[PDB]
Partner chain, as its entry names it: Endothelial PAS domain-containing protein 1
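Only one chain is given next, in structure tokens, and it is the form solved without the partner chain.
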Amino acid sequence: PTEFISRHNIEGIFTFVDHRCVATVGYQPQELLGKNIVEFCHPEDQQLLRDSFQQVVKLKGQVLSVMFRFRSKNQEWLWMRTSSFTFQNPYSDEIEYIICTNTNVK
């Protein structure tokens, strides 16, 4: 396992994480759910990650990738590549979620 998929609200809160997060970043799903992904991001990378979330909602379903350091469970910084896109449905004007694929770089 190299990656896991997460669903976020527009502000960055984890609302679903697949069980591969254990092998990838060391956390059980319940240790991520309800928290903001930005809370696991190295301070120096935090604005970069915030901008990505603002930009991905403008791209309207097109994918945006970003790299940043993620705080693993054993308190080491892991280089992470996240590819993000918005999810919507056509009986709605609202962008409902952001879908992220979170891949451990090395």
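Positions refer to the first chain, counted from 1.
The next section is about a form of this same protein that is not shown, the form solved in complex with the partner chain.
The partner chain is not drawn, but in the bound PDB entry it has a heavy atom within 4.5 Å of residue 75. Although the partner is absent here, residue 68 sits far enough away that none of its heavy atoms falls within 4.5 Å of the partner chain in the bound PDB entry. Along 29 to 44, these residues reach a heavy atom to within 4.5 Å of the partner chain in the bound PDB entry: 38, 39, 43.
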